[PDB]
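A short write-up of the structure that comes next.
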Amino acid sequence: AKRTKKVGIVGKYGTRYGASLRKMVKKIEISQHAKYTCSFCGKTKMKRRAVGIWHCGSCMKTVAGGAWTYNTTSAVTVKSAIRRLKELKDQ
Amino acid sequence: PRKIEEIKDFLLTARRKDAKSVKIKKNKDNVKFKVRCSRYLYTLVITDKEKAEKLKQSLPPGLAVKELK
Amino acid sequence: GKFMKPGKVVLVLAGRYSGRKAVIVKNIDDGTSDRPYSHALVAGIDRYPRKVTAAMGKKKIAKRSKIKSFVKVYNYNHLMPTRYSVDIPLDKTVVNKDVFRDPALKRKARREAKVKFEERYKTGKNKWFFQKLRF
Amino acid sequence: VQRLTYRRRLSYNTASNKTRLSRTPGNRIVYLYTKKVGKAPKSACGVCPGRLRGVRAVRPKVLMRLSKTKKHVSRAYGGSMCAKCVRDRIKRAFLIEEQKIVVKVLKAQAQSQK
RNA sequence: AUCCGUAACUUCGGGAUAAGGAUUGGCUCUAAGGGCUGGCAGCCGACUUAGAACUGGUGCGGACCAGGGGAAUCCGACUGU
RNA sequence: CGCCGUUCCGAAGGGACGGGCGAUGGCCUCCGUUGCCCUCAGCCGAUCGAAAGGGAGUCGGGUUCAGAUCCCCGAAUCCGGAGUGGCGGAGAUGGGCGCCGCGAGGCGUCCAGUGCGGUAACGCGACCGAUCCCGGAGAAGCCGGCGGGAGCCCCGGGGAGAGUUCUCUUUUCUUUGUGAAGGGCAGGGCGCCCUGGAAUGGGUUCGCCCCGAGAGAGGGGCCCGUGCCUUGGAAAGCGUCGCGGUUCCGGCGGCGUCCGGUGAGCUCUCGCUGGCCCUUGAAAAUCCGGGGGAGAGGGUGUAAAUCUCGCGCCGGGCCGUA
Ligand SMILES: [Mg+2]
Ligand SMILES: [Mg+2]
Ligand SMILES: [Mg+2]
Ligand SMILES: [Mg+2]
Ligand SMILES: [Mg+2]
Ligand SMILES: [Mg+2]
Ligand SMILES: [Mg+2]
Ligand SMILES: [Mg+2]
Ligand SMILES: [Mg+2]
Ligand SMILES: [Mg+2]
Ligand SMILES: [Mg+2]
Ligand SMILES: [Mg+2]
Ligand SMILES: [Mg+2]
Ligand SMILES: [Mg+2]
Ligand SMILES: [Zn+2]
Ligand SMILES: [Zn+2]
């Protein structure tokens with residue numbers, strides 16, 4: 001059964017810290033505790049070990065990722081930019 | 001302590017230069033021959049009372065013997 | 001098509017002889033009642049001949065050129081096949097699957113592969129076979 | 001019920017003061033101080049989470065008085081690297097060395113044409 | 001402790017043991033909740049819950065243990081010092 | 001007076017496998033030791049710093065007015081040493097050819113022999129090897145759930161002693177052992193192996209969670225086994241009854257130390273799995289394995305080098321301890 005209407009994971013904090021801060025931290029709490037599909041082995045096991053450190057329990061690979069998400073939008077953009085500059089550099 | 005299974009191995013143990021004595025212990029179910037060597041007390045457990053007497057004669061001459069009670 | 005044939009050089013992947021190079025003597029792709037899986041009888045170099053150089057004397061070269069061989073039956077999954085083939089004629093009357101019954105025949109089987117390998121080693125042919133894999 | 005005391009002057013419950021209860025021929029409970037739990041070796045591959053097999057799990061200074069057979073496995077790298085990663089290194093070493101011959105041959109052929 | 005019941009307001013998490021009621025002993029029973037061996041049979045068992053009769057000068061969380069409550073105003077968000 | 005500084009403005013190594021030149025000795029055969037030269041050489045920081053951290057290895061019984069894991073009895077174990085360090089075992093002892101013999105085998109030559117088993121996980125009593133290199137252990141937080149083993153508690157019976165008994169109570173109370181180390185076997189755990197190939201998906205936990213990167217199902221392997229059995233070891237300890245003495249004797253005897261059940265119970269421990277962190281929860285001494293293959297060992301025996309195997313030999317000083 002649905003146990004809360006809107007707090008969800010930030011129901012652990014009760015009434016404290018304010019609705020907007022709890023609303024903000026809810027987005028991060030879901031993402032930083034999610035299990036992502038590993039791109040090396042395909043199993044949904046990519047889990048955060050520390051801030052910025054993501055580890056897959058199946059293939060044992062470790063990845064330098066984002067603080068709360070597996071990869072950041074900034075890092076994804078930079079990889080494409082570095083890929084494009086590499087082609088032009090050697091044509 | 002080490003436990004000896006066969007009579008031959010006990011006799012070899014009883015003839016060792018470091019063997020110091022042999023104790024005979026008589027129980028209700030077995031007779032135990034224990035030879036005090038340098039490191040271990042070796043024990044032969046015999047369930048046949050007849051074999052115990054045959055073995056008791058076969059012990060080396062010089063080796064001191066004690067019957068426990 | 002099929003390639004696990006006699007003379008094929010294979011790498012032992014599992015067991016006491018992992019990383020040793022061997023040669024298929026007899027291949028059984030369909031298995032048997034004793035070994036339902038696919039297996040081959042192989043002969044292999046337990047100990048490789050040592051490196052020899054012109055600075056070494058005749059008697060030292062002969063000492064370093066002695067090979068210790070092994071004879072084994074292997075599951076196909078425990079072998080890595082290679083593109084190399086090695087055509088030493090190994091007497092099959094002595095090197096066969098019946099040598100695993102008594103060590104007297106197994107000693108002859110290993111003696112047979114020892115002599116044939118050493119003779120083939122000294123010719124300089126099949127150099128890759130007689131070089132240890134460095135992994 | 002009988003209540004226990006330490007048999008040494010370390011009155012504190014530290015990692016080196018662990019005990020187990022033992023009944024004696026005198027029919028009493030005393031403390032026996034246990035030895036720390038030893039660990040089997042970790043594979044040198046740095047990848048496999050499990051520990052190795054065929055090796056005694058003892059404190060590191062106990063290995064000195066064990067025979068060699070108790071501290072390794074009859075296999076290349078045995079007792080230091082897992083079986084799974086020894087199979088991988090054999091294939092990797094062989095397969096990579098073949099590609100060097102493949103790449104070298106193409107380079108020689110290209111130079112031959114050039 | 002069990003059973004019922006619970007408002008304003010709210011950051012929807014609370015407020016909340018909100019507030020407000022009823023019950024509680026002893027004794028004799030009933031039902032349900034399992035394991036082992038070979039839709040059944042036999043043999044073992046662990047405390048629980050619910051229900052009913054009877055019963056005492058309405059006494060029963062009998063000692064001990066154990067929140068008074070509500071409506072508001074000021075200040076500081078809170079926990080912490 | 002000194003202070004800063006601890007790798008920073010430093011010619012910071014007094015070591016070594018091995019090789020070559022000598023000198024001395026001895027179980028004078030030849031080996032040690034020793035001097036020089038050659039060769040090789042990161043550690044990169046003296047030293048101090050914990051009676052709760054790291055750190056090999058000792059337990060049971062008895063004993064005093066006062067000490068005992070220290071004394072005595074018994075049973076062990078670690079470290080170091082001995083090559084005059086001894087004995088076994090391993091290395092080790094095979095095959096071809098030629099003679100002799102009916103054969104068993106015996107002689108002569110020529111070759112091999114730094115072990116062997118398993119498909120595998122890995123196993124076996126050892127099972128050569130240096131500079132160098134890689135790795136492991138020491139060595140890792142807090143919290144939750146669950147499971148295994150113990151001690152304790154509880155329940156049903158047998159004993160032995162005691163209490164109550166005006167009435168009742170086959171009753172109530174007490175007590176009813178087995179050390180370390182070795183061997184074996186339960187039990188627990190495995191992200192270990194082999195066959196095979198799975199959707200009508202299945203397996204599975206309190207929760208989870210797992211699978212074509214190989215699930216179920218079969219058959220194996222390994223680690224811990226503090227549990228039980230066995231040697232220890234009944235000889236001891238305890239209970240009870242009965243005898244002795246100088247009677248201040250480890251005094252001597254009989255009997256007993258037995259059979260089952262149960263639990264989200266409490267304590268300890270081992271293990272599995274999860275959660276939390278903008279917190280990620282020591283270092284070192286010390287020990288080990290592996291990779292490599294410089295070398296050494298004997299020429300078929302009187303076998304050698306060598307051995308982390310089994311025995312055996314010697315030693316462990318100093319300070320604390322009521
Ligand atoms: Mg300490
Ligand atoms: Mg025990
Ligand atoms: Mg082993
Ligand atoms: Mg209120
Ligand atoms: Mg106001
Ligand atoms: Mg305040
Ligand atoms: Mg303060
Ligand atoms: Mg110091
Ligand atoms: Mg200290
Ligand atoms: Mg002592
Ligand atoms: Mg399976
Ligand atoms: Mg007795
Ligand atoms: Mg090697
Ligand atoms: Mg004291
Ligand atoms: Zn992965
Ligand atoms: Zn690995």
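Values reported hereafter were calculated over all heavy atoms of this structure, with side chains retained and with hydrogens, waters and symmetry mates removed. Chain identifiers are assigned alphabetically (A, B, ...) following the order of the sequence lines, protein sequences preceding nucleic acid strands; residue numbering begins at 1 within each chain.
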Residue pair C:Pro49 / C:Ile67: nearest heavy atoms and the distance that separates them: CD-CG1, 3.9 Å

Test side chain to side chain contact (heavy atoms under 4.5 Å, CB included) applied to C:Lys97 and C:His39, step by step: CA-CA 11 Å; C:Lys97 285 173 79 195; C:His39 54 293; 3.2 Å; yes

Ionic contact status for D:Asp88 with D:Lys91, cut-off 4.0 Å: no

Derivation of the ring pair (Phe, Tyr, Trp, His ring centres under 6.0 Å) call for C:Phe135 and D:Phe94: CA-CA 8 Å; C:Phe135 62 98; D:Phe94 168 70; over 10 Å; no

Chi angles and distances behind the side chain to side chain contact (heavy atoms under 4.5 Å, CB included) call for B:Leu55, B:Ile7: CA-CA 8 Å; B:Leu55 174 284; B:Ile7 316 276; 3.9 Å; yes

Residues, nucleotides or ligands: over 12 heavy atoms within 6.0 Å of B:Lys8 NZ: no

Donor-acceptor pair, side chain of C:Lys8 and main chain of C:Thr82, under 3.5 angstrom: yes

Atom pair OG (C:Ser38) and CE (C:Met4), whose distance is rounded to the nearest 0.5 Å: 9.0 Å

Approximate separation, where rounding is to 0.5 Å, of D:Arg87 CZ and D:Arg75 CZ: 8.5 Å

Whether B:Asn27 side chain and B:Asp29 backbone form a donor-acceptor pair below 3.5 Å: no

Atom NZ of C:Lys26 with >12 non-hydrogen neighbours under 6.0 angstrom: no

Closest non-hydrogen atom pair between D:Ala76 and D:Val86, with its separation: O-CG2, 3.8 Å

Contact summary for D:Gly79 and D:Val55, nearest pair of heavy atoms: CA-CG2, 4.3 Å

4.5 Å side-chain heavy-atom contact, C:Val25 and C:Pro6: no

D:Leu95 and D:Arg92, any side-chain heavy atoms less than 4.5 Å apart: no

Heavy-atom donor-acceptor pair, C:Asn96 side chain to C:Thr93 backbone, under 3.5 Å: yes

Least distance between heavy atoms, C:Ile45 atom then C:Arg20 atom: O-CD, 3.5 Å

Spacing of NZ belonging to A:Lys45 relative to NZ belonging to A:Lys47, to within rounding of 0.5 Å: 9.5 Å

Any side-chain heavy-atom pair of C:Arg120 and C:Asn126 under 4.5 Å: yes

Side chain to side chain donor-acceptor pair (under 3.5 Å) partners for B:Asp18, two or more places apart: B:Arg16

Any donor-acceptor N/O pair, B:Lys34 side chain to B:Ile24 backbone, under 3.5 Å: no

Residue pair B:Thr13, B:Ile4: steps toward the side chain to side chain contact (heavy atoms under 4.5 Å, CB included) verdict: CA-CA 9 Å; B:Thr13 305; B:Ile4 300 191; 3.4 Å; yes

Test item: D:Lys61 and D:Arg59 side chains (from C-beta on) under 4.5 Å apart, heavy atoms: no

Residue pair B:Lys32 / B:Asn30, side-chain heavy-atom distance below 4.5 Å: yes

Exceeds 12 heavy-atom contacts within 6.0 angstrom, atom CD of B:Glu67: yes

Donor-acceptor contact present, side-chain C:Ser18 to main-chain C:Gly15, <3.5 Å: yes

Side-chain donor or acceptor of A:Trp54 paired with backbone N/O of A:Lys61 under 3.5 Å: no

Main-chain N/O of C:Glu119 paired with C:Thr123 side-chain donor or acceptor, under 3.5 Å: no

Close side-chain approach of D:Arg89 and D:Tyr77, heavy atoms under 4.5 Å: yes

Side-chain touch C:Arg64/C:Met56, heavy atoms, less than 4.5 angstrom: yes

C:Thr32-C:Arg35 side chain donor-acceptor pair, cut-off 3.5 Å: no

Distance, nearest 0.5 Å, that separates CD of D:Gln2 from CG of D:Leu4: 5.5 Å

More than 12 heavy atoms of other groups within 6.0 Å of C:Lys5 NZ: yes

Nearest-0.5 Å distance that lies between atom CZ in B:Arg2 and atom OH in B:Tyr40: 4.0 Å

Listed once per pair and sorted, the ring pair (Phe, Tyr, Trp, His ring centres under 6.0 Å) pairs that draw on residues 52-96 of chain C, sequence neighbours left out: C:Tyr17-C:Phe70, C:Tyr84-C:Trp128

Chi angles and distances behind the side chain to side chain contact (heavy atoms under 4.5 Å, CB included) call for D:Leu52, D:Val73: CA-CA 9 Å; D:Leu52 303 186; D:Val73 171; over 6 Å; no

Pairs where residues 6-17 of chain A contributes a residue and the test side chain to side chain donor-acceptor pair (under 3.5 Å) is met, not counting sequence neighbours: A:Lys12-A:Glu29, A:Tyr13-A:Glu29

Sidechain-backbone polar pair: A:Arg49 side chain, A:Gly52 backbone, donor-acceptor under 3.5 Å: no

D:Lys71 side chain vs D:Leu63 backbone, donor-acceptor pair below 3.5 Å: yes

Check: D:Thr34 and D:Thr19 side chains under 4.5 Å, non-hydrogen atoms: no

Distance-minimising heavy-atom pair for C:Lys106 and C:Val99: CB-O, 3.4 Å

Heavy-atom closest contact (A:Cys59 atom, A:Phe40 atom, distance): SG-CB, 4.1 Å

D:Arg7 to D:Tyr33, cation-pi by 6.0 Å centre distance and 45° axis angle: no

CD1 on D:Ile90 to SG on D:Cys85, rounded to 0.5 Å: 11.0 Å

Passing option when C:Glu112 is tested against C:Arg110, C:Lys116, C:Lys108, C:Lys114 for side chain to side chain donor-acceptor pair (under 3.5 Å): C:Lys116

Backbone of A:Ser31 reached by a side-chain donor or acceptor of A:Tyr36 within 3.5 Å: yes

Basic-acidic side-chain contact under 4.0 Å: C:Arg83, D:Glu98: yes

